[PDB]
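One chain comes next, on its own, written out as structure tokens in the form deposited in one PDB entry.
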């Protein structure tokens, strides 16, 4: 098993939110230097971005049984559709 790379599918954990379907984005695409050992995360559904370290990143194939369940939070269910059906699309 390897370090996280752009295009990796995850659930990403932030405080006040459930584990959220997300992907690792490419930094070589932005014009922004990431904090040390943090990754640019794109959240499905909301189409928001944040920087998160590996402790908040849960690989999607391993964790979807547990986290890949409908939620009432705004964007979550759309985000589930997007990660399962077109995770690598332009949502921009």
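Residue numbers count along the first chain shown, from 1.
Separately, the form solved in complex with a small molecule exists; it is not shown, and the next lines address it.
Chemist: Should residue 37 be classed as touching the small molecule in the entry with it bound when contacts are defined as heavy atoms within 4.5 Å?
Modeler: So residue 37 does not count as contacting the small molecule.
Chemist: Can residue 26 be called a contact residue for the small molecule in the entry with it bound at 4.5 Å between heavy atoms?
Modeler: Taking the distances in the entry with it bound, the answer for residue 26 is no, it never comes within 4.5 Å of the small molecule.
Chemist: Even though the small molecule is not shown here, does residue 17 get within 4.5 Å of it in the entry with it bound, heavy atoms only?
Modeler: Contact with the small molecule, yes.
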